[PDB]
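Student: Before I ask anything, here is the structure I am working with.
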Amino acid sequence: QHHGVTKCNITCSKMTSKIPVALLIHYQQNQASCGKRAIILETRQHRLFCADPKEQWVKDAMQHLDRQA
Amino acid sequence: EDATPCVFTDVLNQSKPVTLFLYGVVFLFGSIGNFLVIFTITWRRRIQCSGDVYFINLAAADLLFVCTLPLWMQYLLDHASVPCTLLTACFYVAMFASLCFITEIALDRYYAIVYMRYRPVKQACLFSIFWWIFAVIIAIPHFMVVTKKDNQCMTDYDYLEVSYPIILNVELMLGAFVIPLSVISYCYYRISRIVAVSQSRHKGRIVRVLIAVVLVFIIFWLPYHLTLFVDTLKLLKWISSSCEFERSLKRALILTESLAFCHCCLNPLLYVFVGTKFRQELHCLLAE
Ligand SMILES: *[C@@H]1O[C@H](CO)[C@@H](O[C@@H]2O[C@H](CO)[C@@H](O[C@@H]3O[C@H](CO)[C@@H](O)[C@H](O)[C@H]3NC(C)=O)[C@H](O)[C@H]2NC(C)=O)[C@H](O)[C@H]1NC(C)=O
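Same order as they appear, the protein sequences are chains F and V.
In this text, residue positions in the first sequence follow the working numbering: the first is 1, and each later residue adds one.
In this text, residue positions in the second sequence follow the working numbering: the first is 1001, and each later residue adds one.
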């Protein structure tokens, strides 16, 4: 669609690679309006980071996060 | 590391009220004015010339365009599920059709004045059909990629090549701005250059009308496309972008895009509402 109508607020340039699995406090799924598959990670430092969804370690991080809180 | 996400939430939250308001305005004056065009023509004077055909078609394109806006405002709130494909389709088709018929006005009057080529209502309807079809084929790359996912209108970029948004921006820039503006400017320049030296006593008003057309077109479409250009420059990696720059560019895009939508509200006052035919007197004068 056009620009006036957009529910995408997150754009990722790069991805975080591997660590760690304990620093995370919450995670958010990227908006559909973005059209780009990405995961948002909020750590204990209240810092946000981009992470590629199709990663072996990501699927293992979301596990601990979803199970814990 | 540095994969820190560039958040855009505040920009959207701030742009939402303005966009909603402007959409409301455009729907108001647009629907009113253009339906008024159609009514005025259809009853006060059944199509007497090709100009009337093109005017009705222009008002129809504008109506179709503005009637999509309430749906978009309903979209902006609560992010109801209505097909994205069809709405985007009507959006871009109506837009491109509006631009096309705007060009066709200048063309028709150009061939009418200088080269003295005259088209009956029949041919005008034919060409109108042509323009609508051409408007649909040129809108295809703008809505055929749009789909509904998670109750949101999205363009799956990962499934498309990186060249696509650039090509789309370029096609929009030259197709919606460059080639209509160039044509209407050339045509109205020739027409004005002929009428200024014409025998008609009050040639002036004709020129003023045409000038007004061009000027308005510019002051409503140029900001948007000029933003599109630097956006393309960002996508083309010709310039460097920071998070703040991407934000500012986003805001600019949204706002100016909303600005460009009022042009269809100005269209009734530019051709149909303008008044008596000072051009018809010149028309009778040139037939000698
Ligand atoms: C990017 O924009 C978002 C627009 O709202 C910001 O807020 C997020 O809004 C989501 C609405 O779609 C919330 O969704 C929640 O999803 C859970 C599923 O896990 C549902 O149960 C909840 O009902 C639903 N809540 C609401 C109110 O719809 C997100 O929770 C919410 N996320 C956050 C972090 O507030 C995003 O915040 C914004 N991005 C950033 C980085 O701020």
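All residues carry an ideal CB built from backbone N, CA and C; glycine is no exception.
Within a Cβ cutoff of 6 Å, which residues of the same chain sit near residue 1207(V), ignoring the five residues on either side of it in sequence?
Tutor: Within the same chain, residue 1207(V) has close Cβ partners 1192.
Student: If I measure Cβ to Cβ from residue 1100(V) and keep anything under 6 Å in the same chain, skipping five residues before and after, which residues do I get?
Tutor: So the qualifying residues of the chain are 1131 and 1135.
Student: Check whether chain V comes within 9 Å of residue 1(F), counting only Cβ atoms and requiring the distance to be less than that.
Tutor: Residue 1(F) counts as touching chain V.
Student: How many angstroms separate the CA atom of residue 1061(V) from the CA atom of residue 47(F)?
Tutor: Between residue 1061(V) and residue 47(F), the C-alpha separation is close to 48 Å.
Student: Run through DSSP, which three-state label would residue 50(F) get?
Tutor: Note: residue 50(F) maps to strand in three-state DSSP.
Student: According to DSSP, simplified to helix, strand and coil, what is residue 63(F)?
Tutor: The answer is helix: DSSP assigns residue 63(F) an H, G or I state.
Student: Buried or exposed: residue 1158(V), going by 16 or more other Cβ atoms within 10 Å of its Cβ?
Tutor: By the 10 Å Cβ count, residue 1158(V) comes out exposed.
Student: I think residue 1255(V) touches residue 1015(V), with their Cβ atoms under 8 Å apart; what is that distance to the nearest whole Å?
Tutor: Right, their Cβ atoms sit about 7 Å apart.
Student: Tell me, please, which residues DSSP counts as bridged to residue 1023(V).
Tutor: According to DSSP, which records beta bridges pairwise, residue 1023(V) is partnered with nothing at all.
Student: Straight-line CA distance for residue 1070(V) to residue 1125(V)?
Tutor: Cα to Cα, residue 1070(V) sits roughly 30 Å from residue 1125(V).
Student: Shorter than 9 Å from the beta carbon of residue 40(F) to some beta carbon of chain B?
Tutor: As a matter of chain content, chain B is missing from the structure shown, whose protein chains are F and V.
Student: Check the Cβ-Cβ distances between residue 14(F) and every residue of chain V, and say whether any is below 9 Å.
Tutor: With 9 Å as the cut-off, residue 14(F) counts as an interface residue toward chain V.
Student: Residue 25(F) CB to nearest chain V CB: under 9 Å?
Tutor: Chain V contact via Cβ: absent.
Student: Among the candidates 68(F), 50(F) and 60(F), whose CA atom is the shortest distance from the CA of residue 29(F)?
Tutor: Of the candidates 68(F), 50(F) and 60(F), the one whose C-alpha sits nearest the C-alpha of residue 29(F) is 50(F).
Student: With residue 1008(V) and residue 39(F) assumed to form a contact (beta carbons below 8 Å), what rounded beta-carbon distance in angstroms separates them?
Tutor: With 8 Å as the limit, residue 1008(V) and residue 39(F) do not qualify as a contact, their Cβ atoms being about 17 Å apart.
Student: I think residue 1261(V) touches residue 1026(V), with their Cβ atoms under 8 Å apart; what is that distance to the nearest whole Å?
Tutor: Confirmed, Cβ separation roughly 5 Å.
Student: Comparing alpha-carbon positions, which option in 5(F), 63(F), 6(F) and 20(F) lies nearest residue 44(F)?
Tutor: Considering only alpha carbons, the answer is 20(F).
Student: According to DSSP, simplified to helix, strand and coil, what is residue 1173(V)?
Tutor: In this structure, residue 1173(V) counts as helix in the three-state DSSP scheme.
Student: Give me the residue from 1083(V), 1006(V) and 1231(V) with the minimum Cα distance to residue 1173(V).
Tutor: Answer by Cα proximity: 1231(V).
Student: Opposite residue 1149(V) in the DSSP bridges: which residues?
Tutor: For residue 1149(V), which the question treats as bridged, DSSP gives the partners 1152(V).
Student: How should residue 1267(V) be labelled, buried or exposed, when 16 other C-beta atoms within 10 angstroms of its C-beta is the threshold for buried?
Tutor: The residue is buried, with at least 16 neighbouring Cβ atoms inside 10 Å.
Student: Which residues does DSSP list as the beta-bridge partners of residue 1007(V)?
Tutor: Paired residues: 10(F).
Student: Return yes when the Cβ of residue 1246(V) is within less than 9 Å of the Cβ of residue 1090(V), no when it is not.
Tutor: For residue 1090(V) and residue 1246(V), no; Cβs fall outside 9 Å.
Student: In terms of residues, what are the limits of the beta strand (DSSP E) holding residue 39(F)?
Tutor: It spans 39-43 - the beta strand (DSSP E) in which residue 39(F) sits, taken as one unbroken run.
Student: Assuming contact is defined by CB atoms lying nearer than 9 Å, are residue 1224(V) and residue 1181(V) in contact in what I supplied?
Tutor: Not a contact, by the Cβ cut-off of 9 Å.
Student: Select from 1285(V), 1165(V) and 1203(V) the residue whose C-alpha is nearest the C-alpha of residue 1236(V).
Tutor: Residue 1165(V) is the option with its Cα nearest to residue 1236(V).
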